Amino acid sequence: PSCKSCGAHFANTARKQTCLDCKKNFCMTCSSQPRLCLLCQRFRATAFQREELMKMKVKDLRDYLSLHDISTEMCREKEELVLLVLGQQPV
Ligand SMILES: [Zn+2]
Ligand SMILES: [Zn+2]
């Protein structure tokens, strides 16, 4: 077991933080506040508004989708990444 973000291990595996959104494990320093990792927290803040998502860095959109186990290998334009983020939004 290691942190999905920084790759580090835990001094006590029982203290690893599981993100409620992507469900991966993270450091306390790699998560915040509904315990969420920093990226999932950042995306929730956008309220999943297309315009706000479009302003996000390509790497963040790609990484966020990867954390949610969604492939972006067939995407050629940034808008496709945004559409995938919108598609997996919880309702
Ligand atoms: Zn997460
Ligand atoms: Zn970490």
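Just add 40 to the spot in the sequence shown (first one is 1) and you have my numbering. The beta carbon of each residue, even a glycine, is placed where N, CA and C say it ideally should be.
Given this structure, state the Cα-to-Cα distance separating residue i from residue j, to the nearest angstrom.
i    : j    : result
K99  : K118 : 10 angstroms
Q73  : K64  : 16 angstroms
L126 : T53  : 33 angstroms
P41  : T58  : 11 angstroms
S111 : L60  : 20 angstroms
For the alpha helix (DSSP H) containing residue i, list its first residue and its last residue.
i    : result
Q89  : Looking at the DSSP string, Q89 is not in any alpha helix (DSSP H), and its letter there is neither H nor E.
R84  : 78 to 85
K99  : 98 to 107
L123 : 118 to 127
Can we count residue i as close to ligand 1, meaning its CB is less than 6 angstroms from some heavy atom?
i    : result
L105 : no
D61  : yes
With respect to 6 angstroms, is the separation between the Cβ of residue i and the closest non-hydrogen atom of ligand 2 below this value?
i   : result
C46 : yes
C80 : no
With DSSP as the reference, please indicate the residues paired to residue i in a beta bridge.
i   : result
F50 : None; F50 has no bridge partner.
Counting only C-beta atoms, is residue i closer than 7 angstroms to chain D at any point?
i    : result
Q129 : The chain inventory of the structure shown lacks chain D, comprising one protein chain alone.
Assign residue i to one of three DSSP states: helix, strand, or coil.
i           : result
residue 142 : Outside the shown range of the chain, which is 41 to 131, sits residue 142, and nothing can be said about it.
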